[PDB]
């Protein structure tokens, strides 16, 4: 029912200096602001939990400029190439003491989970936590596909989060328009990364019994006594009550452990073993995938992150029925290094495929659907040039798979 946003916050040098190096103080503000953001989103069926906090107390890792567009793009690039590679999380917001030009916050729209664009920047505009929490909820809202309110959009007799300007007496309410646009985005784009529920040990803020997030030291958390609908839990204490072996988890049914063997996470493919309940625990074991490189689909592919990517299926997903892998000759076009025919990008440049890597650039399919005859059909859209490119891990020859635009021996690929 609820979606979860595992948030990482970054605090710039200017803000550290502004708080005269008091990291405990900065950390406390962050915990406070996120706690309020989580409360704001309850109405949206979304939980927000702080899973990481990076404080640039020495030097900023990007150049933080007043031009918000430059700063957000630089922060997004840094998150994609640095942070995200060493820290799993769904969204990151940069807090800065710099006075950004024209705005007090900025964020990409409908980008939740995107490696670069699931970001936003927030100006430490006020010492009042509720105020910065509103800015944060607003920027994250954009990330969740929400645009500014207007017209008949209403959130009652209060100043709504998504108004284009911040109110001097800000409320914690989202308008009805925000609610529908956010869920329209989730349902039509289904950002997969916000589906999992973070483990208590993943959350770094001090535990709060009643924030609807299961944390270290709690048996259960179902919000305030008023809101709690978990018959397995005593809201005020976050302790189990009545005939309850458990009050949370995919392996907890009616407050009791699901019997051993009960499937709790379905298999995506032969490369993804299903996980089952132990019968003595309330949680589903962590998701296990078989080793990458393992032969799959009767030797037409090799495993890659729980799936078995093969050209046939990619042609099907892109073009529908009656479309198959094209003849080898079609892939030679990947040596052109033109707008669609290349193997990868370097510093934004499109790099032609070396002859041995042609099967790992743009994918070409033979189209024999009704009334069609296109032996070398490919998919190219400048909305996202990567769509249509051969998927990483795809079998490109007997004993070979694609890895970074290169067709390499599968035995040494992983």
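Numbering follows the first chain given and starts at 1.
Legend: mean Cα B-factor per stretch from the PDB entry, 228-236 versus 140-148; the higher mean is in 228-236.
In this crystal structure, the stretch out of 152-160 and 177-185 whose C-alpha atoms carry the higher mean B factor is 152-160.
For the set 87, 259, 313, 80, the PDB entry puts the maximum C-alpha B factor at 259.
Each of 263, 124, 298, 322 has a CA temperature factor in the record; the biggest one is found at 263. Per the PDB record, residue ranking by Cα B-factor puts residue 114 in the middle third of the chain.
In this PDB entry, residue 394 carries a Cα temperature factor that places it within the lowest third of its chain's modelled residues. In this PDB entry, the Cα temperature factor of residue 339 sits in the top third of its chain's modelled residues, the highest group.
Sort the chain's modelled residues by C-alpha temperature factor and residue 274 lands in the middle third, per the entry. In the PDB entry, a CA B factor belonging to the middle third of its chain's modelled residues is recorded for residue 66.
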